[PDB]
Amino acid sequence: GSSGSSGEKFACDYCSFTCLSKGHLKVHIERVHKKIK
Ligand SMILES: [Zn+2]
């Protein structure tokens, strides 16, 4: 089997990142592609 998959997971709009939680996607965008101010 493959080392990664799309499955039923959420994906980043800016890079090749994926996660099972929408909260983890929000935290990824808010810290990696945007910042807290
Ligand atoms: Zn990303």
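Our numbering is plain: 1 for the first residue shown, then up by one each step along the chain.
Including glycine, each Cβ sits where the backbone N, Cα and C put it.
Annotated Zn(2+) 3 binding site per Swiss-Prot: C12, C15, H28, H33, in sequence order, evidence recorded as experimental evidence. Per Swiss-Prot, zinc finger is recorded for 10-33, and the stated evidence type is experimental evidence.
Residues annotated as expression tag in the PDB entry: 1-6.
What surrounds the Zn(2+) 3 site, by Cβ distance within 8 Å of the Cβ centroid and not counting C12, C15, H28, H33, is the set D13, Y14, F17, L25, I29, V32 from the same chain. Its Cβ taken as reference, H28 (Zn(2+) 3 binding site) is surrounded by 20 other Cβ atoms within 10 Å in the chains shown.
Here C12 (Zn(2+) 3 binding site) comes close to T18, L25, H28, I29, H33: these same-chain residues lie at least six apart in sequence, with C-beta atoms under 8 angstroms from its C-beta. Long-range neighbours of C15 (Zn(2+) 3 binding site) (same chain, six or more residues apart, CB within less than 8 Å of its CB): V32, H33.
In the three-state DSSP assignment, the secondary structure recorded for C12 (Zn(2+) 3 binding site) is coil. The DSSP breakdown of the expression tag (1-6) into helical (H, G, I), extended (E, B) and coil residues amounts to 0 helix, 0 strand, 6 coil.
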